[PDB]
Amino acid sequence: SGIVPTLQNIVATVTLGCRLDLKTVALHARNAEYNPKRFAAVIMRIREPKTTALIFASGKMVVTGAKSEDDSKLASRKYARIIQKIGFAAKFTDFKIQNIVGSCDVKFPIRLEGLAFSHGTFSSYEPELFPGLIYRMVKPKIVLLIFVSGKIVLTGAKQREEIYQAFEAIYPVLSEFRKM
């Protein structure tokens, strides 16, 4: 096709290599929340790249919301520097992208029921529960959410090419079940 999924969210993990006192981090970093009754981590945000980090006492960190691999790593380095500047022996090790989410629009309605029946082992469609058809693709290993509108969500990728190949594989099927 001439349609390429748009990347929407990238989640990555980073190991800072030192234990952290979360209250100290929250008291010295701007835009930080530390509520141990809610979640054992400091939740911090930066405007650029626009992301949210979950920072743990173990020094492990999760960075979410980036739209490109470059932004994911840059944002992660920025959080590491903030922690370093507060006074912790934080390093930037084992950066790893864990999940990439993409979306696209084929611009034509889909007969979800007929699609689910024909691809029963990969499909889950209970419209009264959730309006999208949940398609679990084997190769590449990607989960797609297919809607009547023709809008598609693709998730579970470790690299962007998996999002692209999953859409290419599903396109013929979507066309096969186009509405009216």
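One rule holds for the numbers: they count along the sequence shown, beginning at 1. The term rigid core refers to the maximal set of C-alpha atoms that superpose within 1.5 Å between the two forms.
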item	value
2-10 against 169-177 - segment lying farther from this form in 4 other deposited structures of this protein (CA RMS, rigid core fit)	2-10
Core-aligned Cα RMS comparison in 4 other deposited structures of this protein - stretch that moves more, 58-66 or 29-37	29-37
3-11 set against 170-178, stretch whose average Cα temperature factor tops the other in the entry	170-178
Segment of higher mean CA temperature factor, 18-26 or 158-166	18-26
From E69, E33, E48, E126, residue of greatest CA B-factor	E126
Among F122, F147, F39, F56 - the residue whose C-alpha B-factor is largest in the record	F122
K85 by Cα B-factor - lowest, middle or highest third of the modelled chain	highest
Record-listed C-alpha B factor of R77: chain third	middle
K151 - Cα temperature factor, lowest/middle/highest third of chain	middle
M44 by Cα B-factor - lowest, middle or highest third of the modelled chain	lowest
B-factor third for the C-alpha atom of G114 within its chain	highest
